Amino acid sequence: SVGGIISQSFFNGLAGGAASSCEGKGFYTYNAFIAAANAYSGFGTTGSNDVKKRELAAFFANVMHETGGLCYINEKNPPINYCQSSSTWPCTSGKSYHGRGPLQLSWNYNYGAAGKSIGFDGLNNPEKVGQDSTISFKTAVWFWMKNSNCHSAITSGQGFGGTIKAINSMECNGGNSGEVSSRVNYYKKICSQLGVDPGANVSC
């Protein structure tokens, strides 16, 4: 179903712009993406064709923004271990919960919850998000579908700006307009490659 909207060729267009020295290059793959998309029911399969295309475009625009164009697997020079002390999701001594994958999964609590949905030990093997492609993509689709308002925003008329607000609402209202534009620029370009109008509420 999603492979019907996003082809191999469309995906290589997005991936191919990355410099060959990017760690993401050959790690973020169409196979991994399709596997992840199919594992979360409703993802890019909800609504009319324009709605499906806009949800996929919104997903990819966000990802392209956070990986520098499918260039980065790992957060650069993370300043901290992203350990917030917890009884439900205890940090593992020595481990870092810095951003990994297409949507930069961050913090012990998110890795714990992600690993439980997906099938890996998020707390003890957070690095699996940087080493296994299908796992990496599943974290992003999981976050999109189950751990944020991204899916609900884009399927209830809040548009692309509503996905931005679901991910990092501090950017919106002139919080950081450079970051907004960066994400929005990617969205407009993916929309026009898909032949779909970007719709309303594009920005925030």
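Numbering starts at 1 and follows the sequence shown.
As the entry records it, the average C-alpha temperature factor is higher for 38-46, out of 38-46 and 60-68. Of the two segments, 50-58 and 26-34, the one listed with the higher mean B-factor is 50-58 (C-alpha atoms only).
Between the residues 77, 134, 104, 110, the entry's highest C-alpha temperature factor is the one at 77.
Ranked by Cα temperature factor within the chain, residue 151 sits in the middle third according to the deposited record. Per the deposited record, the Cα B-factor of residue 73 falls in the lowest third when ranked against the other modelled residues of its chain. Remark: residue 145 belongs to the middle third of its chain, ranked by C-alpha B-factor as recorded. In this PDB entry, residue 83 carries a Cα temperature factor that places it within the highest third of its chain's modelled residues.
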